[PDB]
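Peer 1: Right, I'll just put the structure down here and ask away after.
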Amino acid sequence: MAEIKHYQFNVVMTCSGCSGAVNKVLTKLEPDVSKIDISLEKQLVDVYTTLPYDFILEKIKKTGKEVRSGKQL
Ligand SMILES: [Cu+]
């Protein structure tokens, strides 16, 4: 089992690429993740999933940008 928790991350999404790259990573997590939202303006990324915090932090930064911080909700 897992329940869907709401994670929020701040990733340094300044180039018109990394947004797409994270999104592409999301495309693999889709059949597990419940919901996603992504914001360049406010340099933040909200993901509603089962998968643990650390996994997502890695997954995000993996794409190239740094992950500044995040939290769970
Ligand atoms: Cu970027």
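Letters A, B, ... go to the chains of the structure tokens in the order shown; residues in each chain start at 1; ligands are counted from 1 in the same order.
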With a cut-off of 8 Å, could you pull out the residues of chain A touching ligand 1 and give me the nearest pair of atoms for each, distance in Å to one decimal, using only C-alpha atoms and all ligand atoms, ordered by chain and ascending number, as CSV?
Peer 2:
```
residue,atom,partner,partner_atom_place_in_ligand_line,distance
A:12,CA,ligand 1,1 (Cu),6.2
A:13,CA,ligand 1,1 (Cu),4.0
A:14,CA,ligand 1,1 (Cu),4.0
A:15,CA,ligand 1,1 (Cu),3.3
A:16,CA,ligand 1,1 (Cu),6.0
A:17,CA,ligand 1,1 (Cu),5.7
A:18,CA,ligand 1,1 (Cu),4.4
A:19,CA,ligand 1,1 (Cu),6.6
A:64,CA,ligand 1,1 (Cu),7.5
A:65,CA,ligand 1,1 (Cu),5.8
```
Peer 1: Show which residues sit within 12 Å of residue 58 in chain A, as a PDB file with C-alpha atoms, in the first residue's frame. Count only C-alpha atoms, and ignore same-chain residues fewer than 2 positions away.
Peer 2:
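What ended up in result_2.pdb:
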```pdb
ATOM      1  CA  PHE A   9       9.797  21.139  -4.129  1.00  0.00           C
ATOM      2  CA  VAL A  11      13.921  23.411  -8.167  1.00  0.00           C
ATOM      3  CA  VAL A  22      11.342  17.144 -15.051  1.00  0.00           C
ATOM      4  CA  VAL A  25      10.746  12.287 -15.640  1.00  0.00           C
ATOM      5  CA  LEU A  51       6.675   7.721  -3.824  1.00  0.00           C
ATOM      6  CA  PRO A  52       8.949   8.938  -0.974  1.00  0.00           C
ATOM      7  CA  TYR A  53      10.262  12.543  -0.758  1.00  0.00           C
ATOM      8  CA  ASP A  54      13.951  11.623  -1.392  1.00  0.00           C
ATOM      9  CA  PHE A  55      13.031   9.687  -4.550  1.00  0.00           C
ATOM     10  CA  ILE A  56      11.379  12.788  -5.990  1.00  0.00           C
ATOM     11  CA  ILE A  60      14.049  16.244 -10.069  1.00  0.00           C
ATOM     12  CA  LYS A  61      17.721  17.245  -9.629  1.00  0.00           C
ATOM     13  CA  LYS A  62      18.768  14.242 -11.818  1.00  0.00           C
ATOM     14  CA  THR A  63      17.456  16.137 -14.843  1.00  0.00           C
ATOM     15  CA  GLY A  64      20.217  18.788 -14.536  1.00  0.00           C
ATOM     16  CA  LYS A  65      19.017  21.651 -12.310  1.00  0.00           C
ATOM     17  CA  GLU A  66      19.544  21.707  -8.563  1.00  0.00           C
ATOM     18  CA  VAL A  67      16.764  21.074  -6.092  1.00  0.00           C
ATOM     19  CA  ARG A  68      16.851  23.921  -3.512  1.00  0.00           C
ATOM     20  CA  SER A  69      14.504  22.520  -0.838  1.00  0.00           C
ATOM     21  CA  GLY A  70      11.050  20.933  -0.468  1.00  0.00           C
TER      22      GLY A  70
END
```
Peer 1: Would you please extract all strand (DSSP E or B) residues from chain A, as assigned by DSSP on the backbone, and give them as a list in words?
Peer 2: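 Written out, the strand (DSSP E or B) residues of chain A are residues 5, 6, 7, 8, 9, 10, 11, 35, 36, 37, 38, 39, 44, 45, 46, 47, 48, 49, 67, 68, 69, 70, 71 and 72 of chain A.
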Peer 1: Per DSSP on the backbone, filter chain A down to the residues in helix (DSSP H, G or I) and report them as a ChimeraX atom specification.
Peer 2: /A:18-29,53-62
Peer 1: Just the residues within 9 Å of residue 35 in chain A, please, counting only C-alpha atoms, with nothing from its chain fewer than 2 positions along; format it as a PyMOL selection string.
Peer 2: chain A and resi 6+30+33+37+46-49
Peer 1: Might you pull out every residue within 7 Å of residue 50 in chain A, with only C-alpha atoms counted and same-chain residues fewer than 2 positions away left off, and present them as a PyMOL selection string?
Peer 2: chain A and resi 2-5+32-33+52
Peer 1: Separation of CA of residue 23 in chain A and CA of residue 1 in chain A, in Å?
Peer 2: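 One can read the CA of residue 23 in chain A to CA of residue 1 in chain A distance as 25.1 Å.
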